[PDB]
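Novice: Quick one: the structure is below, questions incoming.
There are 2 protein chains.
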Amino acid sequence: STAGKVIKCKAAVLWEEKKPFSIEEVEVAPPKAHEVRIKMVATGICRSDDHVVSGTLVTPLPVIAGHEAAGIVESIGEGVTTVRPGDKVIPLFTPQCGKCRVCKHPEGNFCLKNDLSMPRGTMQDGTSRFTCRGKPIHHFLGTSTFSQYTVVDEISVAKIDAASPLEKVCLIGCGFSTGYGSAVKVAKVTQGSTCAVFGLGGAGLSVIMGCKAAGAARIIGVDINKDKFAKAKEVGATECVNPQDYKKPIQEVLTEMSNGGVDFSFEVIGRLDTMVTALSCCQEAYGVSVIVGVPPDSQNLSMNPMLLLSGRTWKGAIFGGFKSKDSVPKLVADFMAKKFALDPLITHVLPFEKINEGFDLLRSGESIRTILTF
Amino acid sequence: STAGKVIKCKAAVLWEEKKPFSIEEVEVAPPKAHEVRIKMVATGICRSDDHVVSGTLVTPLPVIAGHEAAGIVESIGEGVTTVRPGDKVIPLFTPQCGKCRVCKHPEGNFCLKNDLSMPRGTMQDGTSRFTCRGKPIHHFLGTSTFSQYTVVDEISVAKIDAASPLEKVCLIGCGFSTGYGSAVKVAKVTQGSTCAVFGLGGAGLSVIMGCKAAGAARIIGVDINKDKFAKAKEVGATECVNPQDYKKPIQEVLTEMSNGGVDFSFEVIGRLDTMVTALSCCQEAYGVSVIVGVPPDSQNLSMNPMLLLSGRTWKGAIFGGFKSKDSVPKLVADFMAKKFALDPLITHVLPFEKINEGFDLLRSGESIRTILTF
Ligand SMILES: NC(=O)c1ccc[n+]([C@@H]2O[C@H](COP(=O)([O-])OP(=O)([O-])OC[C@H]3O[C@@H](n4cnc5c(N)[nH+]cnc54)[C@H](O)[C@@H]3O)[C@@H](O)[C@H]2O)c1
Ligand SMILES: NC(=O)c1ccc[n+]([C@@H]2O[C@H](COP(=O)([O-])OP(=O)([O-])OC[C@H]3O[C@@H](n4cnc5c(N)[nH+]cnc54)[C@H](O)[C@@H]3O)[C@@H](O)[C@H]2O)c1
Ligand SMILES: OCc1c(F)c(F)c(F)c(F)c1F
Ligand SMILES: OCc1c(F)c(F)c(F)c(F)c1F
Ligand SMILES: [Zn+2]
Ligand SMILES: [Zn+2]
Ligand SMILES: [Zn+2]
Ligand SMILES: [Zn+2]
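Heads up: the protein sequence lines correspond to chains B and A, in order.
Counted from 1, the first sequence has number 329 at position 329 by the entry's author numbering; the numbering is strictly sequential.
Counted from 1, the second sequence has number 337 at position 337 by the entry's author numbering; the numbering is strictly sequential.
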């Protein structure tokens, strides 16, 4: 039995920025009240994890990163009512406390208990459950999935279908749900519309999936890497364009292609310039542009507010606008009912021990999602 | 007797920026096909007219400005079907051609025939109906209401109730409809919500009217001129704040006052800094901010897109989002049925010949709207 005891297990520790993960033994404390300890089964490599490595995202180090995952509950602390030992679960990098003003709002999902805005890198109680080489190690987004075992707050975990294939549904923990929701929930793409999607990685492909599910007539994929185009078309893009192929700025190209601007545009990269381009390419009177990409820390963009005064709407969202704990189990159930596909996002499957090689596949442009298996 | 003939009349010509208007004789050509010549009855002094004088808004000079007005049709050109001589009308500074993709869109109102985005200062056919001292004079927004007679394109005029009081309803041609629609149609203010309104001039007061009509529980007016507060409270503000009273930035003050950010905010001034402040003060996950104010020409704002990524919506609109020709007659009918009030916006009345004194009143901070009578 491990319940009530410290577990020594393997994890991928990031000691400093811009260095490889160190795969080594950590100690994982048992869960306190209202906490859940999870044996990880699969975790995805998301670009946002790479942002921690690259310094695009700032969070306290050293850290156990990872936020897109699925596993099995090993034990629960006093007072947990929503999961039990043996349950399949997905950690929620955006919590759902159910009590704050955001959780109570019909359209809000960025729960005030999140550790994204002003990261502390701890459990809700301000402490860590991880030690390595005698040193405390930070959590990441209340998830920390790059470990054989993690401990999360109850508000940061959802129970999912016992029959779920964890090596696929982990993607409901970030990339699929983010893109899909950004289209269907945040933008509210309409039937017959024209959409433009900037960035054709895992999140952008999931945006395309959502635009197609919503009935868009045209879905224009935009990427500087033309190797991304074939898979974009497979999941619903009607055309793809590479800005590098044109003498004009791509917002002008897209405005021309759409006979005056697109209905819906999405920035799914994380660059200030493409955020402004994406806004500009939507129709000036009624267009909507949604920011999904995470830009570099503390940098501001510049834009002309006449882009908004004419009638554009500009918004962003975390996790596709989904209330996390309510939504994740329903998304898994929908997947099990064949309502959407996940395989198109998965290009590589590697053992956890190959985490660094997985990050190299992402950085080279060669992968969409690598799933790591414990 | 004047049909088909040039009319000589008085107009207020702006020859140069940062100079008084010149009240002097102009020649007004008869209407060509699908044009309407209007004998003006009343016109308001809007801050956007002052922006032409100050160079905040760039439009070709020399010009006959004026865009908020009401009058009586003197004659119609060939093919006009929607008004007749003797009809009361309001010129539409945002046209409604009824045929472009925006006019056809259920939400859109910024008709592609507008002369706002890239002003030419002409009629739709690229020519002018005005001569002064033998020189052609530009139009403004297709309306040019600072003249005893103007000529407008048919898509830029709406017929209104024959019993309408023109010295009141002219305000439906800009300030009232802009602010009221910005609240009720663009933001879609909800019952029980908390709103913040930056700028308590004619447009901002009309935003407050709309927020109150929509059932907001709290409406916080924000102005650096505390003399504006009494009227703001009369039309529905629950509290007023002057940024100059506070050591902290007003976005922080408003976030504190609203226990974590407002539901809806409105920028109704025309400053880049207050556009960003108004965005920031809305709740980060579900807040909505609407830009109403007109920015200084060709200047960009700077902002951190994390404000949007958390969930905020940012939008702007012209003329409160109203499809102009459809909406203006209905707004007049509603005014006649006492569904809203216009008198709170009218602080001064002057003859047209005292237009410069009317601009002095606006610039000093003393007036909300001065209505000029011809
Ligand atoms: N808002 C959220 O909740 C959330 C969730 C998931 C991902 N993200 C962010 O979304 C972004 C995309 O993530 P991902 O899909 O996993 O990453 P990814 O797989 O790296 O995809 C990004 C794509 O952008 C392409 N690209 C790079 N520069 C340009 C350019 N100038 N023009 C056009 N295309 C370009 C690039 O070739 C690649 O295919 C990242 O910034 C993530 O951090 C945000
Ligand atoms: N979008 C549209 O269709 C549209 C229509 C009508 C008006 N406008 C614009 O809306 C703006 C307001 O017009 P208005 O109400 O006629 O003008 P106004 O009467 O000049 O009102 C502006 C108010 O802003 C106040 N103010 C100035 N600076 C600050 C500051 N730093 N903080 C807070 N308050 C400040 C000022 O004291 C005044 O009461 C102008 O830029 C107009 O051009 C836009
Ligand atoms: O990929 C999801 C994701 C985000 F959208 C962020 F904004 C962020 F800061 C982060 F750490 C993260 F993992
Ligand atoms: O006051 C309405 C109004 C505007 F909202 C503008 F954006 C503009 F350019 C203009 F000339 C105008 F009169
Ligand atoms: Zn919450
Ligand atoms: Zn992610
Ligand atoms: Zn039109
Ligand atoms: Zn105006």
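Backbone N, C-alpha and C define an ideal beta-carbon position, used for all residues, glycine too.
Could you check if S48/A belongs to the surroundings of ligand 4, using beta carbon to heavy atom distance under 8 Å?
Specialist: yes
Novice: Just curious, the alpha helix (DSSP H) that residue 386/A is in, first and last residue?
Specialist: The structure shown does not extend to residue 386/A, since chain A is modelled only from 1 to 374, so the question has no answer here.
Novice: Only counting the same chain, and skipping five residues up and downstream in sequence, which positions put a Cβ closer than 6 Å to that of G202/B?
Specialist: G175, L345, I368 and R369
Novice: In chain order, what residues of the same chain have a beta carbon less than 8 Å from the beta carbon of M336/A, not counting five sequence neighbours either side?
Specialist: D161, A163 and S164
Novice: Output the residue ranges of the beta strand (DSSP E) runs that lie fully inside the segment 213-289 of chain A and measure 3 residues or longer, sorted by chain position.
Specialist: Qualifying beta strand (DSSP E) stretches, in chain order: 218-222, 239-241 and 264-267.
Novice: What are the boundary residues of the beta strand (DSSP E) that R363/A is part of?
Specialist: First-last for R363/A: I355 to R363, but that is the alpha helix (DSSP H), not the beta strand (DSSP E).
Novice: In chain order, what residues have a CB nearer than 7 Å to some heavy atom of ligand 7?
Specialist: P95/A, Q96/A, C97/A, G98/A, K99/A, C100/A, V102/A, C103/A, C111/A, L112/A and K113/A
Novice: Would you say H67/B touches ligand 3, meaning its beta carbon is less than 8 Å from a heavy atom?
Specialist: Yes.
Novice: Closest to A3/B by CA distance: which of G358/B, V28/B, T59/B and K338/B is it?
Specialist: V28/B
Novice: Can you list, in chain order, the residues of its chain with a C-beta nearer than 7 Å to that of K5/A? Leave out the 5 residues immediately preceding and following it.
Specialist: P30
Novice: When DSSP builds the beta bridges, which residues end up paired with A196/B?
Specialist: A196/B is bridged to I220/B and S265/B.
Novice: Can you tell me where the alpha helix (DSSP H) holding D161/A begins and where it ends?
Specialist: Premise fails: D161/A is in no alpha helix (DSSP H) and is neither H nor E.
Novice: Taking the alpha carbon of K354/B as the point to measure from, which residue in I7/B, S1/B, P20/B and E16/B has its own alpha carbon closest?
Specialist: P20/B
Novice: Contact check, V235/B vs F198/B under 8 Å by CB: the rounded distance?
Specialist: At roughly 16 Å, the Cβ-Cβ gap does not stay under 8 Å, so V235/B and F198/B are not in contact.
Novice: Can you pull the DSSP bridge partners for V332/B?
Specialist: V332/B is not bridged to any residue.
Novice: Compute the minimum distance between the beta carbon of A203/B and the heavy atoms of ligand 1, and state whether it is under 8 Å.
Specialist: yes
Novice: Using 8 Å as the cut-off, can you tell me whether the segment 296-316 of chain B makes contact with the segment 324-335 of chain B, which would need three or more C-beta pairs spanning the two stretches below that distance?
Specialist: no
Novice: Is the separation between the beta-carbon of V83/A and that of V89/A shorter than 9 Å?
Specialist: yes
Novice: Just the chain A side, please: which residues come within less than 9 Å of residue 398/B by C-beta, in chain order?
Specialist: Lying outside 1 to 374, the shown extent of chain B, residue 398/B is not represented and no answer is given.
Novice: Under the criterion of a Cβ to heavy atom distance below 8 Å, does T178/B qualify as lining ligand 3?
Specialist: yes
Novice: Does chain A have any CB closer than 9 Å to the CB of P95/B?
Specialist: It does not: the Cβ of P95/B has no partner Cβ on chain A nearer than 9 Å.
Novice: Should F140/B be counted as a contact of ligand 3 given a C-beta to heavy atom distance under 8 Å?
Specialist: yes
Novice: In whole angstroms, what is the alpha-carbon distance linking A217/B and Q251/B?
Specialist: Their backbone Cα atoms lie some 20 Å apart in a straight line.
Novice: On the three-pair Cβ rule with 8 Å, is the segment 252-270 of chain A touching the segment 266-275 of chain B?
Specialist: no
Novice: Please determine, among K339/A, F140/A, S156/A and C103/A, the residue with the shortest C-alpha to C-alpha distance to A214/A.
Specialist: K339/A
Novice: Going straight from the alpha carbon of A42/A to that of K315/A, what length do you get?
Specialist: Cα to Cα, the separation comes out at about 32 Å.
Novice: Within 10 angstroms of its Cβ, does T313/B collect 16 or more other Cβ (buried), or is it exposed?
Specialist: Classification of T313/B: buried, given that the 10 Å Cβ count is 16 or more.
Novice: Apply the 10 Å Cβ neighbour rule to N109/A and answer buried if 16 or more other Cβ atoms are within range, or exposed otherwise.
Specialist: buried
Novice: By DSSP, does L116/B sit in helix, in strand, or in coil?
Specialist: coil
Novice: Please name the residue in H348/B, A278/B, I45/B and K212/B whose C-alpha comes closest to that of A65/B.
Specialist: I45/B
Novice: Tell me the residue span of the alpha helix (DSSP H) that contains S54/A.
Specialist: That run of the alpha helix (DSSP H) goes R47 to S54.
Novice: Return the CA-CA distance between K185/B and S48/B, expressed in angstroms with no decimal places.
Specialist: 21 Å
Novice: Closest to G320/A by C-alpha separation, out of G179/A, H138/A, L112/A and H34/A, would be which residue?
Specialist: Each of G179/A, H138/A, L112/A and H34/A was checked against the Cα of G320/A, and the nearest Cα belongs to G179/A.
Novice: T131/A: which of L57/A, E25/A and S193/A sits nearest, CA to CA?
Specialist: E25/A
Novice: Quick check: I155/B and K113/B, are their CB atoms within less than 9 Å of each other?
Specialist: yes
Novice: Tell me whether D343/A sits in a helix, a strand or coil according to DSSP, three-state version.
Specialist: helix
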